[PDB]
Amino acid sequence: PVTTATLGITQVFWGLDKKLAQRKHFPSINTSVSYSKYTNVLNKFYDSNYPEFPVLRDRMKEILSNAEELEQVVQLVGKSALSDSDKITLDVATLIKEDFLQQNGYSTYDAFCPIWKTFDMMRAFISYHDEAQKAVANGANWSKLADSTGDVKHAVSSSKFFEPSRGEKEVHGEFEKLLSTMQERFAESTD
Amino acid sequence: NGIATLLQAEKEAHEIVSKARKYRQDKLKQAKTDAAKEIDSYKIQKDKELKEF
C-alpha cells in the first residue's frame, strides 16, 4: 500500500529489481517498470545542452525492450530461430546492461559518471549497435563479425573505466578517439 | 629470400590504401559536418524570424 500510494503521487519511479541486485548488477534499476514523467519536461534542457541525448535515450530504451522480449522468447524457444539482427540486438543489450547501465559505486572510476561522460558513453554504445546492424545489413555474417570486432566491443565496454576526474575535454577527446577507432575497425572488417 | 621483400611492399602499400580510405572517409565526415553548418545557419535565420514573430 505504501508503494502504491507513493506511485500515485511521485512523478518518477526508479523501481529496483532484487534479481538484478543479487547478481551485483547495480544500481539494479528495473528498466522494464521504471519510468520518469519528466522526460518531456527535460527536452528544453537537452536541446540547450547535449542535443542528441533524448534521441539516444529512446533508442537505448528501444534496444533494451526489444532484447528483453527476445530473451523472454528465447528462454522457452531456444536461440536457433534468431536472425542476425536479433542476435546483434541481444548482444548489444547484454553489453549495455553489463557495461553501461551497471555502475559500480564505491569504485574510483564509476562512483560519479557525470552527464557529459554518460552522454559520450551512450553515443558510443548506440553507434556500436547501429554500425553493427549496418554491417550485417551490408552482408557481413555476425558470427565472423563478432570475432573481427571483439577489440571494438572491448574498447566500448572499457569506456566506463575512463575516470571522469580527467576533465570534460579529456574524456570527450578519448571518446571521440574511441568512436573513430570503432568506425575504422568496422570499415576494415566489412571491406 | 626475395619473397619477404615482395610481400613487404604489398603489405606497406596495403596499409597506405587503408589510410587513404580512412582519410577520405574522415574528409567525408568533415564534409557532412561542414554541410550541416550551412544548414545550421538557415536554422539560425529561421530562429531569428521566429524571434521576430
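What counts, and at which threshold
Residues numbered from 1 in each chain as written, not as in the entry; some residues may be left out. Chains lettered and ligands numbered in written order. Part of a larger assembly, values for the part shown. Heavy atoms only, no water. Residues with missing side-chain atoms left out of burial classes, pairs and counts. Helix = DSSP H or I, 4+ residues; strand = E, 2+ residues; numbered from the N terminus. Rg over C-alpha atoms; globule rule 2.2 N^0.38 Å. Contact = heavy atoms within 4.5 Å. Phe/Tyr/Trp six-rings, centres within 6.5 Å; stacked < 30°, edge-to-face > 60°. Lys NZ or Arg CZ within 6 Å of the ring centre and 35° of its normal. Axes fitted to C-alpha atoms, helices over the stretch in contact; angles between N-to-C directions. Parallel < 35°, antiparallel > 145°, perpendicular 65-115°, else oblique. Left-handed = near helix turned anticlockwise from the far one by under 90°. Salt bridge = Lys/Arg side-chain N within 4 Å of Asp/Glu carboxyl O.

Method of determination, as given in the entry header: cryo-EM; reported resolution: 3.5 Å.

Asker: Would you take a moment to explain the overall build of chain B for this structure?
Answerer: Helix and strand counts for chain B come out as one helix and zero strands. Radius of gyration (C-alpha) of chain B: 23 Å, far over the 10 Å computed for a compact globule of 53 residues. Its C-alpha atoms give chain B principal-axis dimensions of about 80 × 10 × 5 Å.

Asker: What am I meant to see in the overall build of chain A here?
Answerer: Each helix and strand in chain A was counted, giving nine helices and two strands. Mapped from its N terminus to its C terminus, chain A presents α and β elements in the order α-β-α-β-α-α-α-α-α-α-α. Scaling as 2.2 N^0.38, a compact globule of 191 residues should have a C-alpha radius of gyration of about 16 Å, and chain A matches this with 18 Å. For chain A, long-range pairs separated by at least 24 residues make up 65% of all intrachain contacts whose partners lie at least 6 apart in sequence.

Asker: Just checking my understanding: could you explain the packing of aromatic side chains for this structure?
Answerer: Residues and elements named next belong to chain A. A centroid spacing of 4.6 Å and a plane angle of 20° characterise the contact between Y46 and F53, whose relative ring orientation is stacked. With a centroid separation of 5.5 Å and 45° between ring planes, the pair formed by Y50 and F119 is classed as tilted. Taken together, the residues span a long stretch of sequence, with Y50 in the loop between helix 3 (43–46) and helix 4 (53–77) and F119 in helix 6 (residues 115–137) at a distance of 69 residues. Across from the ring centre of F119, 5.2 Å away, lies the NZ or CZ of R123, which sits over that ring.

Asker: Just checking my understanding: could you explain the packing of helix 4 of chain A against helix 6 of chain A for this structure?
Answerer: Helix-helix packing is described using two parameters, namely the angle between the two axes and the distance between the axes. Residue and element names in this part refer to chain A. Helix 6 packs onto helix 4 with a crossing angle of 50° between their chain directions and a minimal axis gap of 10 Å. The angle between helix 4 and helix 6 places the two elements in the oblique class. Between helix 4 and helix 6 lies a crossing whose hand is left-handed. Taken together, the residues of helix 6 that come into contact with helix 4 (itself represented by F53, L56, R57, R59, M60 and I63) are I115, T118, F119, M122, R123, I126 and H129.

Asker: I tried to follow the environment of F53 of chain A on my own but got confused; where do I start?
Answerer: Residues and elements named next belong to chain A. Topologically, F53 is positioned in helix 4. For the pair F53 and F119, spaced 66 residues apart in the sequence, the C-alpha separation amounts to 6.5 Å. The contacts of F53, once residues within four sequence positions are left out, are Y46, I115, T118, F119 and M122.

Asker: Sorry if this is basic, but what is going on with the pattern of salt bridges here?
Answerer: Where charged atoms from two side chains of opposite charge come close, those side chains can pair. For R123 of chain A, the salt bridge is made with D120 of chain A, and the minimal N-O distance between the two is 3.0 Å. Residue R123 of chain A and its partner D120 of chain A are located together in helix 6, separated by three residues, close to a single helical turn.

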